[PDB]
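The block underneath contains the structure these notes are about, expressed in structure tokens.
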Amino acid sequence: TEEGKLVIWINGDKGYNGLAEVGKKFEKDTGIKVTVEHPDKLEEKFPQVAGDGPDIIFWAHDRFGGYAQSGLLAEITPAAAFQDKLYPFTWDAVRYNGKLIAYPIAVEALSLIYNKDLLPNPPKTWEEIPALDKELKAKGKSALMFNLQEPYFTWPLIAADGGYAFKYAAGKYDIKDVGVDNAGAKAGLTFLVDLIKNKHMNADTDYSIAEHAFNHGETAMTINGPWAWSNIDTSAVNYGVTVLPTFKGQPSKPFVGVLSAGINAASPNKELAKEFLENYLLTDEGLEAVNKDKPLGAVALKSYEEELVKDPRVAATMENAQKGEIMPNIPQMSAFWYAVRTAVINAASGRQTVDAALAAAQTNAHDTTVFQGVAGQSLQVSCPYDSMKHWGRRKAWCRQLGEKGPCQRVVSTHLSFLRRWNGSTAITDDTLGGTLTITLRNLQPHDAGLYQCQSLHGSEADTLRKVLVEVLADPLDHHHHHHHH
Ligand SMILES: OC[C@H]1O[C@H](O[C@H]2[C@H](O)[C@@H](O)[C@@H](O[C@H]3[C@H](O)[C@@H](O)[C@@H](O)O[C@@H]3CO)O[C@@H]2CO)[C@H](O)[C@@H](O)[C@@H]1O
Ligand SMILES: OCCNc1ccc(Br)cc1
């Protein structure tokens, strides 16, 4: 960052050229240069560089609770008159611990996109896709192609019969109640895997492959968001945007994302960012400039949404959004997505069965795992990992210094042993089996807290597991004569 200018990060699938046009208008009126960038993995780079992060970060709201907890985002305090211009639902997406941590921009949900020439009557159920694919294959076409590398696209099907991320009850999420390995989640993922086994879909289909096949008239349907419509408009394919197919008679339940713009807590340009976001971007003209490049979906700005909702594609986006639910913005969402991404990729490739893939995802979707030990005794912490993925990497055990501090290295593999506070920590790695083991001797309350098992590569560290060490009292420490009769 540099004082007197704005650097913005936004994902490569969004209208970054339209956003740059709003930046050009801001520069024309004020002299302030606005640079819009679309780095790869920007959502993973942001917490590592936020140092030299951007002034503004755009992403769906699900990642922002984690950034806010880490102290990376400035609290936003728009006037009541400004808050009244955006929908209360969109403000709900960006409120964390009672404070607003980003400006909401647009509401997104996946829909079924279909080729009206190949399929004038798209299927209402997922169950009828195998027979439809057989008929289309006889004509050199396929029924459906969509991104199988990101769990966001398969989640509507996994959630349809009962899968869920974190149980919700009266404005709160229970982070201990995860629904990744229930009967409904297994049924949805088994249906997806059966589509691949029967050659109705390919496990390696990604965003680019599905978009190219649909936009070239090779597949009758795709599953995508509003941002994808402008490339289809250019392709001249006669497309429709409609309700996703049902599974076991239940609607598919897409996770609803609210594209949001957070202000970096370390930015010396917070006031410029606020003026740009409130008075340039979040205006009917500003949002239209972005929408014209890549559609936003249902915008957070009431005045513009009242017009956009007349677009049948936007009404279809809201119909699918209403069948699903808003993603939580809680810090625990990252772990949930990483676990489900792994389960889908492994089940689709045949590397794991659906049952084993979802059992591992259920365990790993929990951001932290408690390891309880008794004071004065030894505690063995286990960190399973993918031996192939982490082949050749050294490992580390680090202790989290508060909610916002660094994870401070304790021991690593090749100082693998550390004696401190009359106790000790030793790390051992079974590289063939994929199990990292940390042994804490003479466990005491001073050892309680959050730690990470890590896999190192270059100057980066991958989190293998977050562990909460809990220390039960030594039974002898309460030595007394109990009551008798
Ligand atoms: O898959 C690992 C991946 O998990 C998490 O990513 C999720 C996003 O945080 C979540 O917003 C959603 O992303 C979709 C966007 O909302 C949508 O606008 C569009 O850009 O498509 C995105 C899906 O590709 O879903 C993903 C999970 O698929 C986590 O935050 C990432 O760092 C991680 O790489
Ligand atoms: O060639 C198979 C041995 N190679 C290999 C590479 C990646 C994974 Br996942 C599994 C196996």
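No Cβ is skipped: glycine too gets one built from the backbone with ideal geometry, and neighbour counts run over all protein chains shown. All of the numbers you see were taken from the coordinates with simple rules; none came from a lab.
The figures follow:
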{"read-out": "Filter result (part of a helix (DSSP H, G or I) and within 12 Å of ligand 1 (Cβ to nearest atom)) within region 25-63", "value": "42, 43, 44, 45, 46, 47, 48, 61, 62, 63"}
{"read-out": "Selection count where residues are surrounded by 16 or more Cβ atoms within 10 Å (Cβ to Cβ) and either within 16 Å of ligand 2 (Cβ to nearest atom) or charged (D, E, K, R) (or both), scope region 28-44", "value": "1"}
{"read-out": "Region 323-378, residues that are of a type in the set (A, V, I, L, M), surrounded by fewer than 20 Cβ atoms within 10 Å (Cβ to Cβ) and either within 16 Å of ligand 2 (Cβ to nearest atom) or more than 30 Å from residue 58 (Cβ to Cβ) (or both)", "value": "345, 356, 359, 360, 370, 374, 375"}
{"read-out": "Hits in region 467-483 - residues which are surrounded by 11 or more Cβ atoms within 10 Å (Cβ to Cβ) and not in a strand (DSSP E or B)", "value": "473, 474"}
{"read-out": "Counted residues, region 295-315 - those being outside any helix (DSSP H, G or I) and surrounded by 14 or more Cβ atoms within 10 Å (Cβ to Cβ)", "value": "9"}
{"read-out": "All helices (runs of 4 or more DSSP H) inside region 66-137 with 2 or more residues being of a type in the set (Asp, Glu)", "value": "129-137"}
{"read-out": "Count of residues meeting criterion [surrounded by fewer than 19 Cβ atoms within 10 Å (Cβ to Cβ), assigned to a loop (DSSP other than H, G, I, E, B) and over 23 Å from the mean Cα position of the chain (by Cα)] in region 379-404", "value": "7"}
{"read-out": "Matching residues in region 405-454 - criterion: being farther than 13 Å from residue 373 by Cβ and assigned to a loop (DSSP other than H, G, I, E, B)", "value": "405, 406, 413, 414, 415, 416, 421, 422, 431, 432, 433, 434"}
{"read-out": "Given (1) over 17 Å from the mean Cα position of the chain (by Cα); (2) more than 16 Å from ligand 1 (Cβ to nearest atom), index of the condition residue 175 fails", "value": "(1)"}
